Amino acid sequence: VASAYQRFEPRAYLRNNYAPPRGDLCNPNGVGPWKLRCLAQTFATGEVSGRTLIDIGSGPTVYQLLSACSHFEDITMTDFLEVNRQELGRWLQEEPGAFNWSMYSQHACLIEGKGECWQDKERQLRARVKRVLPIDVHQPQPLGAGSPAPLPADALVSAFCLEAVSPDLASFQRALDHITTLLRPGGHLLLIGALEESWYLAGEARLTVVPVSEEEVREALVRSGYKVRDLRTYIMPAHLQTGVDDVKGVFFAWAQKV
């Protein structure tokens, strides 16, 4: 896969998945509103807290941390590709060419209902993201030997990574076992991913993906030593079925390392 990922174009990836129609946040039935709503509700339970958090395979996106950032003062973002870490850098440092996530920040504020202005939410994320490190979930030690990242983390977040870098279920299970080592016992894992997908595009790159089911993800979490606190499925409607992939749904898993 690492080979195919050498052609991965962040801008194309962003455009394919986070720009209209999939990125439209006005229609309450879209995947965008559904996902932000499920990230906000999880953190609103007050049960997912601590000091440090690590986002596994962040790619060029930050939406997965909008609701999470107000609960963890030290946040580590990561990704296998340097081009993605650079794309993140552009938004974090507010440099030219950064992707504009303002509609997402605003919706997270809208959903959270704490009366927070979106600039303050983005300010807080930028402030708490202490570093952006390389990572490889295929390695028993994903971050490596002496990573600047505070370990073990009190919580992990990973969206669309594992199944997208695993050729099969068994390999999926190992990557999960792998990243699980980065988590403090009793800690929390918020895993988001593509259901029954076999490929997706990112510019000249065409990636192979392992198609997994909700049941398969649940059992994998259980086998890695987690207690599944919540599991949800969003079925991808026809209007969101574009030619960028063959994903059937999106899953969300809130797991607790026991």
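Throughout, rigid core stands for the largest set of C-alpha atoms superposing within 1.5 Å between the two forms. A residue's number is simply how far along the shown sequence it sits, counting from 1.
Problem set entry | Stretch with greater C-alpha deviation in 9 other deposited structures of this protein, 196 to 204 versus 219 to 227 (rigid core superposition) | Per-stretch check in 9 other deposited structures of this protein: the more divergent one is 196 to 204.
Problem set entry | Between stretches 205 to 213 and 186 to 194, more displaced by Cα RMS in 9 other deposited structures of this protein (rigid core superposition) | Farther on average in 9 other deposited structures of this protein: 205 to 213.
Problem set entry | Mean Cα B-factor comparison, 165 to 173 or 146 to 154, giving the higher one as deposited | Higher of the two, by average CA B-factor, is 146 to 154.
For this session: Using only the Cα atoms and their B-factors as the entry lists them, report which of 205 to 213 and 43 to 51 averages higher.
Result: Mean B over CA atoms: larger for 43 to 51.
Problem set entry | Of the residues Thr61, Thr233, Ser67, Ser224, the one carrying the largest Cα B-factor as recorded | Spelled out: the listed residue with the top C-alpha B-factor is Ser224.
For this session: Could you say whether, by C-alpha temperature factor, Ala220 belongs to the lowest, middle or highest third of its chain?
Result: It belongs to the highest third of the chain when residues are ordered by C-alpha B-factor.
Exercise. Comparing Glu112 with the other modelled residues of its chain, is its CA B-factor in the lowest, middle or highest third?
Worked result: Middle third - that is where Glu112 ends up once the chain's C-alpha B-factors are sorted.
Problem set entry | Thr78 - Cα temperature factor, lowest/middle/highest third of chain | Middle third by C-alpha B-factor.
Exercise. Mind checking which third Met103 falls in for C-alpha B-factor across the chain?
Worked result: Its C-alpha B-factor belongs to the lowest third of this chain's values.
Exercise. Ranked by Cα temperature factor within the chain, is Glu95 in the lowest third, the middle third or the highest third?
Worked result: Its C-alpha B-factor, which the entry lists for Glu95, ranks in the highest third among residues of this chain.
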